[PDB]
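Have a look at the structure below before the remarks.
Neighbour counts are summed over all protein chains in view; Cβ atoms, including those assigned to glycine, are modelled from backbone coordinates with ideal geometry. All of this is worked out from the model, or read from it or from the source named; no laboratory read-out is quoted.
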Amino acid sequence: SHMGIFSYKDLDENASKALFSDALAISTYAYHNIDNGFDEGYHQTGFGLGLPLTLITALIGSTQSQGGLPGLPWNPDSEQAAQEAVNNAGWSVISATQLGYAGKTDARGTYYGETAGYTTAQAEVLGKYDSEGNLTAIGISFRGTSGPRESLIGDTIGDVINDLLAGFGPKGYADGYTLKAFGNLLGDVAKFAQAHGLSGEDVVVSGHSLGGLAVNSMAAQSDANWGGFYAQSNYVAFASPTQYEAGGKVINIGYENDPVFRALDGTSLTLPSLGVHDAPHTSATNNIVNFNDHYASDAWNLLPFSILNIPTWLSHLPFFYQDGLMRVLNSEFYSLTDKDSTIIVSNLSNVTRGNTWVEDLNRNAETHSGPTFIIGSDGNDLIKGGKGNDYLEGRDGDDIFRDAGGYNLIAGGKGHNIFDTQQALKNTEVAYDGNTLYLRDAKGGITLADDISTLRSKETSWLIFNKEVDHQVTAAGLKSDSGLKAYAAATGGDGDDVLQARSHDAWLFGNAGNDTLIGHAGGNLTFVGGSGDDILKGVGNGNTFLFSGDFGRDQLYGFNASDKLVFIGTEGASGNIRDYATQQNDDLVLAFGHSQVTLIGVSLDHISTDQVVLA
Ligand SMILES: [Ca+2]
Ligand SMILES: [Ca+2]
Ligand SMILES: [Ca+2]
Ligand SMILES: [Ca+2]
Ligand SMILES: [Ca+2]
Ligand SMILES: [Ca+2]
Ligand SMILES: [Ca+2]
Ligand SMILES: [Ca+2]
């Protein structure tokens, strides 16, 4: 059973999604929009010849963004923007007075580290309230490296000393950070929580980079300190160099090409710490790619990947975490993902998005495996899937998709979207159920694609060896300069349809409703019952029975040794059909949670491996 890439402990899927959303919001808030100008600059001028301009904007912003420097009257107030965002997510700062806290805070309510050597640490304490004003949850967020704009340089230097001691300092240092920085504050928050009827489980703890380290540190101290109040608190760490994994308290989320993420092994410095360190960790999402201008560039990657290579730090910036990971969370394919799913997140500048394909380069990382998910932007994307199984999501904007093989799901989203086969149309079998385009390649790989307006092929002749040809996708067939080409299919509607294959039908599409799909003597037919509970009557040899998503409860007659079952984007993580199977007398039931198919008069030992695809 898939629980989502951000699944946490034994929470149900909706609860862990809500926890993740809260964590990322408060983690982001701790930076007070310090990287607002970098965000604008990067998207406007990029990371290549325009990099000098990007850096200027990072420092002093514009009329539309605020860079690192405070006090420029033509910048917008990015700190107010940051407050609005965290308040919108349901969270508001709790004052030192409410907590009865005697330590240091600033005019924005931020809490400061308590011990000498830790006085540049920053934390935020926030509350979530019900519609009647009662406190229902508490959020604790630790800031990564940096500080308030007004003391940015001095504060950053103290942070850097803390960072260096975590890597090269005494054993125990990382573990000690949060206790030394915020030991007293955390005691007061616990008493305040208790006073309001809350327990440790009502607390979310988050933070990014050095803040992610602080999350792991707090978890590491939580069994013994503060009366054990926070032992069962919810720890969500972003871009942490460290992992605390004893007791399974922390989820460590980050991008594999972020050189800070997992830089330390537990808390230990190792040789990979100064190079590529992609050995998988049990608490971590090990295979999410930040597909940005640096990752995309062969020229940038002539330099060795290392935390000592400053350009590689592009992938670490908080705005990439906020924007990119919320798109993962909100993906149409989220319920199909697991902790270690390969996910490629489009994070290109406006300079490169129009000429660079988002694809799994597998750069500076262990070899990827399993299905690949590629998440587009709300802009116009170019997205390319590989030879294995792919889930491609365009979102808003006019997107163009390519894919090199296997079994695939494509969601074009809003906009005018195009699927580009890169070869002669005659090499692809094409059909349409009225909403979804079905494409089968010469090796039998099948793609389902939603919201595709145009199918693009590449044609040739003795005269012009390359010509792109666009085919408008319509209910009546593909329309191009040559005319209208009908689909070789029978297509039902929302009702309970009876569909009988005609001599040249290659597909039967029941669509919604409980349909009856009847084959023919020549076989070689693909049955797609669609949603609802369908009856599939196989006749002859070489038939394919196809099932995707929530496909209802089907009954399958006439299955034999020459037929094939294809499951794409269905419930369950296993790639072995035996795991789904139960014999009920003479019938074989294959169960996919809320969906299932019963093969009438079939036994499991009569089905060979190559008769089933689980994609
Ligand atoms: Ca700081
Ligand atoms: Ca990896
Ligand atoms: Ca898009
Ligand atoms: Ca593919
Ligand atoms: Ca789109
Ligand atoms: Ca129907
Ligand atoms: Ca149906
Ligand atoms: Ca069905």
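Among the residues here, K128 qualifies as under 19 Å from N234 (Cβ atoms) and either of a type in the set (K, R) or within 16 Å of ligand 8 (Cβ to nearest atom) (or both). Can you name the residue in segment 506-518 that is free of Cβ contacts under 8 Å to residues at least 40 places away in the same chain and buried (at least 23 other Cβ atoms within 10 Å of the Cβ) and, of all such residues, is nearest to ligand 5 (Cβ to nearest atom)? Applying the filter and picking the extreme gives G510.
Among the residues of segment 224-253, what is the count of those that are more than 22 Å from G169 (Cβ to Cβ) and either touching a residue at least 60 places away in the same chain (Cβ under 8 Å) or among the β-branched types (V, I, T) (or both)? Walk me through how you get there before you give the answer.
Restricting attention to segment 224-253, the residues satisfying the condition of being more than 22 Å from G169 (Cβ to Cβ) are 226-236, 238, 247-249, 251, 253.
Still in the running and either touching a residue at least 60 places away in the same chain (Cβ under 8 Å) or among the β-branched types (V, I, T) (or both): 234, 236, 238, 248, 251, 253.
Total meeting the criteria: 6.
Going by what's in this entry, would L325 be described as in contact (Cβ under 8 Å) with a residue 24 or more places away in the chain and among the aliphatic types (A, V, I, L, M)? Reasoning before the result, please.
On the way: in contact (Cβ under 8 Å) with a residue 24 or more places away in the chain: yes; among the aliphatic types (A, V, I, L, M): yes.
Answer is yes for this residue.
Summed over segment 475-485, the residues that are more than 16 Å from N427 (Cα to Cα), assigned to a strand (DSSP E or B) and among the charged types (D, E, K, R) give a count of 1. Only one entry in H277, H294 is in the same structural domain as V86 (by CATH), part of a loop (DSSP other than H, G, I, E, B) and surrounded by 18 or more Cβ atoms within 10 Å (Cβ to Cβ), namely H277.
Selection over segment 538-558 of residues that are within 16 Å of ligand 7 (Cβ to nearest atom) and either surrounded by fewer than 19 Cβ atoms within 10 Å (Cβ to Cβ) or closer than 20 Å to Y407 by Cα (or both) gives a count of 10.
Identify, from the list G354, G379, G370, the residue that is away from ligand 8 (no atom under 16 Å from the Cβ), surrounded by fewer than 21 Cβ atoms within 10 Å (Cβ to Cβ), over 21 Å from the mean Cα position of the chain (by Cα) and assigned to a loop (DSSP other than H, G, I, E, B).
Numbers: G379 fails: over 21 Å from the mean Cα position of the chain (by Cα); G370 fails: over 21 Å from the mean Cα position of the chain (by Cα).
Among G354, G379, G370, only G354 is away from ligand 8 (no atom under 16 Å from the Cβ), surrounded by fewer than 21 Cβ atoms within 10 Å (Cβ to Cβ), over 21 Å from the mean Cα position of the chain (by Cα) and assigned to a loop (DSSP other than H, G, I, E, B).
Per the listing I383, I410, the residue uniquely β-branched (V, I, T), touching a residue at least 40 places away in the same chain (Cβ under 8 Å) and more than 16 Å from ligand 1 (Cβ to nearest atom) is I410.
Restricting the first member to segment 259-277 and to residues that are without any contact (Cβ under 8 Å) to a residue 60 or more places away in the chain, and the second to residues that are acidic (D, E), the beta-carbon pairs closer than 8 Å and six or more apart or on different chains are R262/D278; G266/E245; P272/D265; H277/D265. Tallying residues that are surrounded by fewer than 20 Cβ atoms within 10 Å (Cβ to Cβ) and either on the phi > 0 side of the Ramachandran plot or outside any helix (DSSP H, G or I) (or both) within segment 146-187 yields 5.
Using the structure shown, decide if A96 is over 30 Å from the mean Cα position of the chain (by Cα) and surrounded by fewer than 12 Cβ atoms within 10 Å (Cβ to Cβ). Taking the combined requirement at face value, the residue does not satisfy it.
Considering (1) under 24 Å from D433 (Cα atoms); (2) surrounded by fewer than 22 Cβ atoms within 10 Å (Cβ to Cβ); (3) not polar (S, T, N, Q), say which one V597 fails and leave the rest. Every listed condition holds for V597 apart from (2). Of the residues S531, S503, the single one that is farther than 27 Å from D470 by Cα, surrounded by 18 or more Cβ atoms within 10 Å (Cβ to Cβ) and polar (S, T, N, Q) is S531.
In the condition set (1) hydrophobic (A, V, I, L, M, F, W, C); (2) under 24 Å from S16 (Cα atoms); (3) in contact with an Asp or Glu (Cβ under 8 Å, 6 or more places away or on another chain), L185 is compliant with all but (2). One residue stands out in segment 525-539 among those that are closer than 12 Å to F559 by Cβ and more than 33 Å from the chain's Cα centre (by Cα): the one that is farthest from ligand 3 (Cβ to nearest atom), namely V539.
Conditions tested, residue by residue: (1) in a loop (DSSP other than H, G, I, E, B); (2) touching a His at 6+ places or on another chain (Cβ under 8 Å); (3) on the phi > 0 side of the Ramachandran plot; (4) assigned by CATH to the domain that holds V589.
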| position | (1), (2), (3), (4) |
| --- | --- |
| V473 | no, no, no, no |
| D494 | yes, no, no, yes |
| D505 | yes, yes, no, yes |
| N514 | yes, no, no, yes |
| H520 | yes, no, no, yes |
| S531 | yes, no, no, yes |
| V539 | yes, yes, no, yes |
| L546 | no, no, no, yes |
| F551 | yes, no, no, yes |
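Mind listing whichever residues of segment 210-235 are over 23 Å from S268 (Cβ atoms) and among the aliphatic types (A, V, I, L, M)? Correct list: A231 only. When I577 is tested against (1) crowded, with 17+ Cβ neighbours inside 10 Å; (2) within 22 Å of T447 (Cβ to Cβ); (3) touching a residue at least 40 places away in the same chain (Cβ under 8 Å), only condition (3) is not met.
Filtering segment 328-338 to residues that are surrounded by fewer than 19 Cβ atoms within 10 Å (Cβ to Cβ) and touching a strand residue (DSSP E or B) at 6+ places or on another chain (Cβ under 8 Å) leaves only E332. Assessment of segment 449-462 against the conditions (in a strand (DSSP E or B), within 16 Å of ligand 3 (Cβ to nearest atom) and hydroxyl-bearing (S, T, Y)) yields at least one matching residue. Scoring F401 on the criteria (1) outside any loop (DSSP other than H, G, I, E, B); (2) more than 15 Å from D470 (Cβ to Cβ); (3) within 13 Å of ligand 4 (Cβ to nearest atom) leaves a single failure, condition (2). Filtering segment 122-145 to residues that are surrounded by 18 or more Cβ atoms within 10 Å (Cβ to Cβ) and not in a strand (DSSP E or B) leaves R143, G144, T145. Pull up segment 46-93, narrow it to residues that are in a helix (DSSP H, G or I) and among the hydroxyl-bearing types (S, T, Y), then point me to the one that is surrounded by the fewest Cβ atoms within 10 Å (Cβ to Cβ). Top of the filtered list is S78. The condition of being in contact with an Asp or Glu (Cβ under 8 Å, 6 or more places away or on another chain) and closer than 30 Å to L478 by Cα does not hold for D398.
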